[PDB]
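The structure appears below as structure tokens.
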Ligand SMILES: CCCCCCCCCCCCCCCCC[C@@H](O)O[C@H](CO[C@H](O)CCCCCCCCCCCCCCC)COP(=O)(O)OCC[N+](C)(C)C
Ligand SMILES: NC(=O)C1=CN([C@@H]2O[C@H](COP(=O)(O)OP(=O)(O)OC[C@H]3O[C@@H](n4cnc5c(N)ncnc54)[C@H](OP(=O)(O)O)[C@@H]3O)[C@@H](O)[C@H]2O)C=CC1
Ligand code: SF4
Ligand code: SF4
Ligand code: SF4
Ligand SMILES: [Zn+2]
């Protein structure tokens, strides 16, 4: 989700872009500014919320021992989904 | 035999420390306070000596 | 007796004679150093530098510290004579590349925080 | 002051000085010293170059990581000048040739290029401009070099009213063409001097003094629209100066007088070299021209610089010109020269 | 207790204790303490005046015969009045044993050179002088060995900073390498790793 | 148990003395050396045709660093700073903060590759397999500054080398 | 036996596509061996194999003459190999990406890039964190 | 034109001659000299590219700084670099020569050989493999191929 600064400089996922008056933009003259094009926040926002039939769900990020440490998520609040503290995936109980 | 030197001990001229970092420095002799986040007290036994904090600035490259 | 043993000298007088002996050797060596290392300084300049290096430690009153200083000066003299040192090491005594740090209050205040 | 430009540190290699300088002509004799002094403080130096990048290797150890940036530019292209001075708050102009190449004459390197640099710096928001002219620069001199220098000086002043103009005189140093030039003519058997060098007076200045003066002018608020004359502490007759030069190099001195027309002729003959000429007619004119005395102008003493006399620095340049027999001779052995001091 | 714990050797412990008592009995004038570690290492602490007698006895006595000097070094403990601790590690080829001899000194008191007893000590003592500033009396040639020429201060001492006081670079103005006060682009980051819970109760000190 | 290497004395037989004399006068041992070197002349050389052929490597090989992602495209790194605490050369610098969605993610992640000793302790310490040493080793630069990686460069390295890093991890994670 | 190695050399000349192809490979790769084509690349590289060679020569790549934007007829480098063929070519596996393709991820680069050092596409480091201290902004209106 | 074509051809010939004949100084300091030796070994055969070690600096084209530079050695390295006849090139090998590496915060180590001599190629690693140094050498060859000395002289 790269947006362009009013100076014409690409803005990174962190959000740092030089101000028009910053002399440090000269390092990109005759060269380029390195910006990763895939934003993790937007990529994780696209994932669907998983509905499960239990009050507590488990997440290891997938892949078994190739993911993250296994954690257990509580799904008792009906106004908000449960999010993994490592992976970012969202879970909820069937409502409505 | 022994020569009976009755002077104050001073090894300043032998340590090779620049005279800036001997006269303008101020050390603090203290027992460190317990980290209030934990109840362990093993880090409050000995005495520490540290120097006065000087200037730290941001690198123009990489910050 | 303070239970302290000497290195070489037992009072300030022998320490002073060793200092004087060392000083003569350094003073004598200076012209050979200027010729051998091909330094762009005068013999007067090098002898003034030797004088300044000796006077930096003129406030010492401990014969043991004076003995150790003379020992270090002997090692320095030996390195120069045998050409172990390089024009680099000899000219480090003069600090040509260093901007002189100001000493008055106002300049220190203007530049930064160091006292 | 744009926080990113606030000075920080102890003025060393890793410090921040707040100076962002675009040094034109940084690949020359004076440019290397200026860039070294700027990078000592921890300044951001922009080095515009047109030569081969191999000829800029010596400037890379002069700054910390990221503090020296090399960009390509064209003297006749103003977009390049805008590109290199866009983010700078100081611009230094050290561009100049001592001979006229087929692609650039004297008024291309001393008039057109300085004027374009000054105008682009003014319209790009640059705060300080340092322009280097000659001490003997006037519009009525027999030398095209000095005429172009004077025209370019006035035109730069027109394009950048608050620019600092510095007029040194016969800079001498290791990579100089002054002390080196005289030493180099030993091979030609004799030393040709117009009127035996008895009617010419020179006041050479040390290269390090000029670099320090430029650096001090960069960081002096009162030196905005002033003009400085960078001269040495002593004035010498040309005969005495060349005699001292040959004495320090321990070479036999065999001077002879040469008429102006013949020595101009041999300069013209040397001019045909497609490479750097050994000497030119303009070099002859400048060598056998007395140095102007401008006491109303500020000098190195007004920037805190105590001019270094030639006697304390001639050996470091002329020892390379000695033979093995005299290679280890010391500095105070060669009887300082006679001085025409007032 | 078998798989993961290092096994004990009581026979070597008894032998080393007996030999430590033996050395202590023979040299009462200089020996101040004898220890045997829990992993069978014999340490003998001596007064600084007894370096030559104790080392000569340990090299020449028929029962000891510690001919080879394995290592000689110093340890710096600033909280002690005698700042420096001189450690001698000797190896016996006849009896297949190793002994350690320890003494002390400070910044101004010289230690007697051990070069006559062991030829190998000449470089080791030069390094101790270079790194800690301990002067050795009667050394045939005492000078710096590891540091740069004209290096000021001793690096191994605790007070000396990790990065030193000066750094080097080449300057094109003077056409040589120059020394300047150290400036760091990125300062070394100090970590506080010690835990405030006691790990080894067997080493607990009295609380005064 | 020991053996002697040079305590053999030669026989004083008349024919043995004659053989030694013939060796001295006719240089037989030197001819033997020449024969050995001639035999090597006719062997196939061990040279490979770089850059068209490459030396063998292993999945364990430690190469240029990279920051990895989860299959969904979310970054794996959670700014625990275990890699920073374990780095023997102090080559890693990390800053973090809560992201706009509250996730615990870094804002700065630099590795000074002129400080790094390429020991791989950082990827052993990482609990989520975020930082790895990839298989790339041909990344020489022309300036010093190009070897001071930041988070953008490392994430791009991960995106570029994932197809190989994942396969190398798959072949070796059972030894870890 | 000598006539047979001569036949083998002649067959090497013939199997490279005539004399022109033989000279092309001889002046590009400095090698005239012929092996079975394991597969071709997305960018023009070809990967061959010859199991009768000793370990190290049994696999090789003939680089493409035209990478992303430059002409690589003479100027080739090892950084031109994509990661899957990079794994196959360095003998980290026995499986070419033609028989065992890598897993597809949406964030994986669809276009490999060589070492871009010395070109305008070179990486330039910078600080990725925001400004730490904010300064007070004086009011725009006069005070007296 | 005609003169620019001639100077372009002469640039091509000179650069080809210079890059095909790269003679490094027989110079090495630490760990990385072992991998440089392995590059000289039969598997990689640095000789087959025209690259042969020669002891004398006066007969050297390239300096490869392979190992840690210490404050005691820096004057010697600068001395042997200054005695190389030009054109001369410097390749930095490994972390220690690149930026100080694993002794960066030491009191006796120069934080990068580029504080002493200008560096043309920075080869990263600890130590870089023999193919890494080979890649660096071929990259230096390409950089030499890219230089234009007589084109710039002709346009002065
Ligand atoms: C008369 C005396 C003065 C001149 C003497 C000259 C002697 C003869 C000239 C020698 C000719 C050989 C040069 C051509 C060989 C180049 C080979 C070819 O590969 O070059 C390619 C590019 O073309 C060359 O750069 C052309 C260079 C030559 C240009 C024309 C030569 C002009 C000669 C003019 C001589 C006139 C001098 C007379 C003055 C009195 C790139 O190759 P490269 O890839 O890198 O090398 C292999 C690396 N691989 C494996 C990756 C492929
Ligand atoms: N040195 C002296 O004795 C005196 C010097 N000055 C002035 O000081 C300035 C520099 O002195 P110095 O450095 O000794 O002169 P140099 O010739 O030694 O340096 C010349 C500089 O100008 C650049 N340059 C020359 N022509 C052009 C051009 N046409 N287009 C772009 N860049 C060009 C060169 O770059 P490249 O190398 O790439 O051409 C080089 O960096 C000059 O203006 C000179 O007149 C004043 C009084 C006396
Ligand atoms: S490989 Fe080792 S030195 Fe390099 S970043 Fe990881 S832990 Fe630090
Ligand atoms: S890379 Fe791994 S170890 Fe390092 S901060 Fe991120 S999650 Fe923690
Ligand atoms: S970079 Fe690593 S391998 Fe090379 S010299 Fe330094 S410590 Fe040794
Ligand atoms: Zn998860």
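Residue numbers (the deposited numbering), protein chains in the order written: chain T, 28 to 123; chain L, 51 to 113; chain E, 14 to 128; chain J, 36 to 377; chain P, 43 to 250; chain B, 37 to 212; chain N, 2 to 145; chain C, 41 to 196. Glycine residues also receive a C-beta, built at the ideal position from the N, C-alpha and C atoms.
Item: Hey, quick one: how far does the alpha helix (DSSP H) through residue 51 of chain B stretch, first residue to last?; Value: 50 to 62
Item: Using a Cβ-Cβ cutoff of 7 Å, what residues of the stretch 136 to 163 of chain B are near chain P? List them in chain order.; Value: none
Item: Could you tell me the distance, in whole angstroms, from the CA atom of residue 144 of chain N to the CA atom of residue 162 of chain J?; Value: 29 Å
Item: When the Cα of residue 94 of chain N is compared with those of B/201, B/46, B/47, B/37, which residue comes out closest?; Value: B/201
Item: Within a Cβ cutoff of 8 Å, which residues of the same chain sit near residue 31 of chain E, ignoring the five residues on either side of it in sequence?; Value: 21, 22, 79, 80, 83
Item: Name the residue from J/335, J/139, J/273 whose alpha carbon lies nearest to the alpha carbon of residue 213 of chain J.; Value: J/273
Item: According to the neighbour-count rule (16 or more other Cβ atoms, all chains shown, within 10 Å of its Cβ), is residue 103 of chain C buried or exposed?; Value: buried
Item: From what residue to what residue does the beta strand (DSSP E) around residue 168 of chain B run?; Value: 167 to 170
Item: So, does the stretch 201 to 211 of chain P touch the stretch 58 to 72 of chain J, judging by three or more C-beta pairs under 8 Å?; Value: no
Item: Rounded to whole angstroms, what is the Cα-Cα separation between residue 60 of chain B and residue 91 of chain N?; Value: 52 Å
Item: Could you list which residues in chain P have their beta carbon closer than 9 Å to that of residue 84 of chain E, in chain order?; Value: 177, 184
Item: Mapping the DSSP letters down to three states, classify residue 130 of chain B as helix, strand or coil.; Value: strand
Item: Can you list the beta strand (DSSP E) stretches of 3 or more residues lying completely in the stretch 193 to 250 of chain J, in chain order?; Value: 199 to 203, 226 to 229
Item: In whole angstroms, what separates the C-alpha of residue 159 of chain P from that of residue 18 of chain E?; Value: 23 Å
Item: Could you pull out every unbroken beta strand (DSSP E) segment of at least 3 residues lying fully inside the stretch 135 to 200 of chain B, listed in chain order?; Value: 140 to 148, 167 to 170
Item: Which residues does DSSP list as the beta-bridge partners of residue 142 of chain P?; Value: P/85, P/131
Item: Please state the DSSP three-state secondary structure of residue 92 of chain N.; Value: coil
Item: Which first and last residues belong to the beta strand (DSSP E) in which residue 149 of chain P is found?; Value: That residue, residue 149 of chain P, is in no beta strand (DSSP E); it is neither H nor E in DSSP.
Item: Can you tell me whether residue 85 of chain N is buried or exposed? The criterion is at least 16 other CB atoms within 10 Å of its CB, across all chains shown.; Value: buried
Item: I want to see whether chain P comes within less than 8 Å of residue 132 of chain B, judged by CB atoms only; does it?; Value: no
Item: Quick check: does the Cβ of residue 171 of chain T come within less than 7 Å of any heavy atom belonging to ligand 6?; Value: Chain T is shown from 28 up to 123; residue 171 of chain T falls before or after that span and cannot be answered.
Item: Between residue 113 of chain J and residue 155 of chain J, which are expected to be in contact by the criterion C-beta below 8 Å, what is the C-beta distance as a whole number of angstroms?; Value: 6 Å
Item: Out of T/52, T/32, T/103, T/37, state which residue places its alpha-carbon closest to the alpha-carbon of residue 110 of chain L.; Value: T/52
Item: When you compare the CB of residue 126 of chain N with every CB in chain L, is at least one pair closer than 8 Å?; Value: yes
Item: Quick one: Cα of residue 366 of chain J to Cα of residue 47 of chain C, how far?; Value: 46 Å
Item: Hey, how far is the Cα of residue 75 of chain C from the Cα of residue 104 of chain B?; Value: 30 Å
Item: For a test of the three-state rule: what should DSSP assign to residue 132 of chain C, helix, strand or coil?; Value: strand
Item: So, with DSSP's three-state summary, where would you put residue 100 of chain B?; Value: strand
Item: Please determine whether the Cβ atom of residue 77 of chain N lies at a distance below 7 Å from any heavy atom of ligand 1.; Value: yes
Item: Consider the C-beta atom of residue 113 of chain T and the heavy atoms of ligand 6; say whether any pair is separated by less than 7 Å.; Value: yes
Item: Quick test of your reading: residue 163 of chain C and residue 131 of chain C, contact by CB under 8 Å. State the CB separation rounded to the nearest angstrom.; Value: 6 Å
Item: Is it true that the stretch 192 to 207 of chain B meets the stretch 104 to 123 of chain N, where meeting means three or more beta-carbon pairs spaced less than 8 Å apart?; Value: yes
Item: Do residue 203 of chain J and ligand 2 come close, with the Cβ less than 7 Å from some heavy atom?; Value: yes
Item: Is any beta-carbon of chain B found at less than 8 Å from that of residue 74 of chain N?; Value: no
Item: Tell me the rounded alpha-carbon separation between residue 52 of chain E and residue 75 of chain E.; Value: 35 Å
Item: Mind listing which residues of the stretch 85 to 109 of chain L have their C-beta closer than 9 Å to chain E's C-betas, in chain order?; Value: 104, 105
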